[PDB]
Amino acid sequence: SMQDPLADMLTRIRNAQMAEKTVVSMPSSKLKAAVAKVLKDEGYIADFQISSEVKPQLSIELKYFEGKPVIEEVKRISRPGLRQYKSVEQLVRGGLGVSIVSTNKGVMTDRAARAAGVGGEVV
Amino acid sequence: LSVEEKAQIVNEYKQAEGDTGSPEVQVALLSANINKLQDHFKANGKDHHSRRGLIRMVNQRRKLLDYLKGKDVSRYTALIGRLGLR
Amino acid sequence: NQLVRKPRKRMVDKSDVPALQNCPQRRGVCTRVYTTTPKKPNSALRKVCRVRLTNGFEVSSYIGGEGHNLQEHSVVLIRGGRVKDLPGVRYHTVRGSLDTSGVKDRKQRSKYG
RNA sequence: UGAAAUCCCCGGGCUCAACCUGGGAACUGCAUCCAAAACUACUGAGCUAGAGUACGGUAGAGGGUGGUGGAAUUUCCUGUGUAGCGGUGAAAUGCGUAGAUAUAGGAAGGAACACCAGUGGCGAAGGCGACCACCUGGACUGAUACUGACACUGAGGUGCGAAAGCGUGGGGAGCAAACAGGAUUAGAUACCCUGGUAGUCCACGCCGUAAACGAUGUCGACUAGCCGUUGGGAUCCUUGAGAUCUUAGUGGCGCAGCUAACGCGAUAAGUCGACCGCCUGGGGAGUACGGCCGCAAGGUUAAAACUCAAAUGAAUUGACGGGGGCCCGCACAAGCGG
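Residues numbered from 1 in each chain as written, not as in the entry; some residues may be left out. Chains lettered and ligands numbered in written order. Part of a larger assembly, values for the part shown. Heavy atoms only, no water. Residues with missing side-chain atoms left out of burial classes, pairs and counts.

Method of structure determination, per the deposited record: cryo-EM was used for this entry, reaching 2.95 Å resolution.

Where the PDB entry is consulted, chain C appears under the name 30S ribosomal protein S12, with the organism given as Pseudomonas aeruginosa. Here the PDB entry's recorded title is "Pseudomonas aeruginosa 30s ribosome from an aminoglycoside resistant clinical isolate". Under the Sequence similarities (unreviewed entry) heading, UniProt states for chain C: "Belongs to the universal ribosomal protein uS12 family." (UniProt positions renumbered as here; feature names shortened; annotations may be inferred.)

As named in the PDB entry, chain B is 30S ribosomal protein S15, taken from Pseudomonas aeruginosa. Within the UniProt record for chain B, the comment given under Subunit (unreviewed entry) is "Part of the 30S ribosomal subunit. Forms a bridge to the 50S subunit in the 70S ribosome, contacting the 23S rRNA."

Undergrad: Provide a residue-level description of the overall build of chain B, including the pertinent values.
TA: Within chain B one finds four helices and zero strands. Helices (α) and strands (β) of chain B occur, in sequence order from the N terminus, as α-α-α-α. Based on the C-alpha atoms only, the size of chain B along its principal axes is roughly 40 × 30 × 20 Å. Expressed as a percentage of contacts within chain B between residues at least 6 apart in sequence, the contacts between residues at least 24 apart total 49%. When the accessible surface of chain B is summed, it comes to about 5,900 Å², and 52% of that surface belongs to carbon and sulfur atoms. On chain B, the mean spot of the 16 positive side-chain charges and the mean spot of the 10 negative ones are 9 Å from each other. (Helix = DSSP H or I, 4+ residues; strand = E, 2+ residues; numbered from the N terminus. Contact = heavy atoms within 4.5 Å. Areas by Shrake-Rupley, 256 points an atom, 1.4 Å probe, with all protein chains shown as cover. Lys, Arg positive; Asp, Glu negative; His and termini not counted. Charge placed at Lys NZ, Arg CZ, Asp CG, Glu CD.)

Undergrad: I'd like a description of the side chain of A:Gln17, backed by residues and values.
TA: Following the sequence through the fold, A:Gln17 ends up in helix α1 (residues 6-18). In contact with A:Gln17, other than residues within four places in its own chain, are A:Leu62, A:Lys63, A:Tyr64, A:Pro69, A:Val70 and A:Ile71.

Undergrad: Quick rundown of the protein's contact with RNA strand D? Include the residues and the values.
TA: Within the structure, RNA strand D sits among 70 residues, and A:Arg79, A:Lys105, A:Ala115, B:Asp47 and C:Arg90 are positioned closest to it. A:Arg12 places a polar side-chain atom, nitrogen or oxygen, 3.2 Å from a sugar or linking oxygen of RNA strand D. Residue A:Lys55 places a side-chain N or O atom 3.1 Å away from a sugar or linking oxygen belonging to RNA strand D. With eight residues, the single largest contributor to the surface near RNA strand D is helix α3 (residues 51-71) of chain B. Within the surface near RNA strand D, the residues separate by chemical class into 20 nonpolar, 24 polar and 26 charged. (Near = heavy atom within 4 Å. Polar contact = N/O pair within 3.5 Å; in protein donor to acceptor, adjacent residues only side chain to side chain. Nonpolar A, V, L, I, M, F, W, Y, C, P; charged D, E, K, R; others polar.)

Undergrad: Outline the sheet that holds strand β2 (residues 46-53) of chain C, listing residues and values.
TA: Residues and elements named next belong to chain C. Strand order around the closed barrel formed by five strands is β1-β2-β3-β5-β4, with mixed pairing between neighbours. Sheet twist, expressed as the mean angle between neighbouring strand axes with direction ignored, is 50°. Bridging between strand β1 (residues 25-36) and β2 involves eight bridges; their strand directions are antiparallel. Each bridged residue has a counterpart across the sheet, and for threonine 36 the counterpart in β2 is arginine 46. (Pairing = 2+ DSSP bridges. Axes fitted to C-alpha atoms, helices over the stretch in contact; angles between N-to-C directions.)

Undergrad: Lay out the packing of helix α2 (residues 23-43) of chain B against α3(B) in plain terms, naming residues and giving numbers.
TA: Residue and element names in this part refer to chain B. Packing of α2 against α3 leaves a shortest axis separation of 9 Å and a crossing angle of 150°. In this view, α2 runs roughly antiparallel relative to α3, as classed from their interaxial angle. In this structure, the crossing between α2 and α3 has a hand that is left-handed. When α2 is examined against α3, the residues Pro23, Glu24, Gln26, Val27, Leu30, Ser31, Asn33, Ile34, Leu37, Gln38 and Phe41 are found in contact with a partner set consisting of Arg51, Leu54, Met57, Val58, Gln60, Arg61, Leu64, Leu65, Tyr67 and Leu68. The class makeup of the residues in the contact of α2 with α3 is 13 nonpolar, five polar and three charged. (Parallel < 35°, antiparallel > 145°, perpendicular 65-115°, else oblique. Left-handed = near helix turned anticlockwise from the far one by under 90°.)

Structure, rendered in structure tokens:
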């Protein structure tokens, strides 16, 4: 069955950055599909517009950042054992746009004290 | 299996009349069909391709009962006291 | 999860020097001293000594001199090291618990003018 | 709390350095306590998108039990009839005071179902082809109503598994391991011929294996197109001779991407996820020994000693072929001569 929904975000995003698709819609959920808010605050804007009533599908407005897209590699999820539960030992790839974090209080990255979760990089 | 058998096994397991889908009705529709097919496989014992459609009905009933037992044992004890199960 | 339920077992590597069990040298006694012929590209008449080692093991050692005198019950030390031509030998008789002789002058294991 | 030494950074003493030493850091750990509540737990209530139920409607070699057919082979009777059996890389066995391939004929018996037949269909796989009836499984499909995560996978386990084999009993046309001859060849133990018992067929029981293959685990989500086809459905001026989109299958190309290459490419070998099985150089070897299973044949689980520096994949150039296609020359035979 389908049993990792935010790796299905990051794959529907990735396969449409791999195409030249403008918009990705997907029936995804609360705060870990305000992973999408983090990913398209730090990053760019979208409309991003979670929009229905009882099948609330969110629609990332991907855009193509001149020539070839800015998402090169995203996924890096955890679902079992694939995992980040870190205490700062978390990603630093260029030290930039770093890594969505998915735990106990609020989805953010690298600004406050500590407490890791999981996601993956813009570039 | 018949049209009027399957309408009447619905009728005494209903639980809020529009219902045909509760695990009461489904276990009762399965248990009746399992019993009536046991006549077939005494007479037709070489039919393995239809045993598999029966073993699917046994396993579909066991999952529905494990569902209902973990969820509401009062509906489980009443259903198991009907149907001659366990 | 498959790794958690049985982990990755590392493969042991056996010694290619089975006799002299984790020892650098190990003396024996020469059962028989003889010559055998090399593997297919090579040709010589190379002196071996079948030695019965003091572990009860019984191996064939090479005599790497330019002429020796290990006379059929000598008390050689052997050491590890295969001789690629001779099929099925794995050891060298060291040269200097019994005999060393010759000229060698470009030495060990040798004699000393 | 993690002893001290050690290790490490900064110093001090050894004539320098080993070494000795002070102080720090580190000991990534552990337990307790206090706080937070993005998230994979748990507890309470929900929701309908996964999954299942009711209801029509088709399509199908899905299965099981019986029965009925028709074509052909063989073997039997009876009729008509007269020398034979110029297969093939080449001939040898069954026939005429016993009629010889054989009739325009009849009967019996098994066994397989031409045409339809289709990169067609159905089934979990193995598989399943005549027709009709009965008993039955699953899919596909259309709307509507219901249940409300009931799901996915699956070590063990337990079922079902081509063929051939194996008991035990029917059956026995045709075909035919074994085997008899007859050829062919140094031989021929074979390929060819003429026969032909097991077996193939039916019933019940066993085995449990195959190049059991798509050499590709199952489930789910996403990612350019074009051309067929099967079962549905819906829209299209509509005659359909039809057309378009939509689903579930089955195929042919091919963009991205991946790949060692070949190639795969919405039926992924792409992009990801959940779980399982498996692999670790070639031989030894899927073999010994043990255990389990089998009536047996044997299966399954499964090594080491020893041995060698390799085996192996895919593509490239050549050479070669009792591979194919083109082409040539007194190469093939016209009015030469040992």
